[PDB]
């Protein structure tokens, strides 16, 4: 793309926009960019690169790029020729976090990919009209699997008669629970969640055995209690594979 008497500005998602050095008789600035092979254009009351740019594809699809007033976010929408039914949509921030969505012929979401600033990911596949679907969380060393519903995301790990469930609410709040179908007092596992420290403490035969901590870095650590069940010993150790979570549930 080209523009007489202009300045190039770098944006989130490794995008670029050209903006005029000075305003026209109506006090406005001209904008131009090329995105995924198509030229978009617009005008703005501001001089920094922010505003709305639009274009139209060969197949009649309508494309719209919105650059936030402080340059911290970009949104790219592709609609049907009606200008309202979404085909796909993606959003980048200056910290490198990013979300991509695809839609069915009715304009309802069917797939969603989320990349967090720390490099971990959430992936939702086969999303239905009722809001349900398959869910996967991709961490450093291993992947967790489960389901999406209208209320929340639930990731599940099973070992023998024990089931561990990691819940994530609409707003990203994490809580964890454990249930064991074993009847014997000698071997049945139970647990207590502390929301104030993001920690699950496991008990067997009335005594504390270990602490599993669910950290702000999206990792899990394990640490054992002494043989009396009184104090933690050694140092906490970071989990690196799924089999090590299963080991902790034995």
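Positions refer to the first chain, counted from 1.
Comparing 80-88 with 159-167, the higher mean C-alpha B-factor in the PDB entry belongs to 80-88. Between the stretches 208-216 and 27-35, it is 27-35 that shows the larger average CA temperature factor. Taking the PDB entry at face value, the top CA B factor among 223, 41, 203, 194 belongs to 41.
Annotation for residue 190: C-alpha temperature factor in the lowest third relative to the rest of the modelled chain, per the entry. Ranked by Cα temperature factor within the chain, residue 128 sits in the highest third according to the deposited record. Sorting the modelled residues of the chain by their CA temperature factor places residue 94 in the middle third. In this PDB entry, the Cα temperature factor of residue 150 sits in the top third of its chain's modelled residues, the highest group. Split the chain's modelled residues into thirds by C-alpha temperature factor. Residue 121 is in the lowest one.
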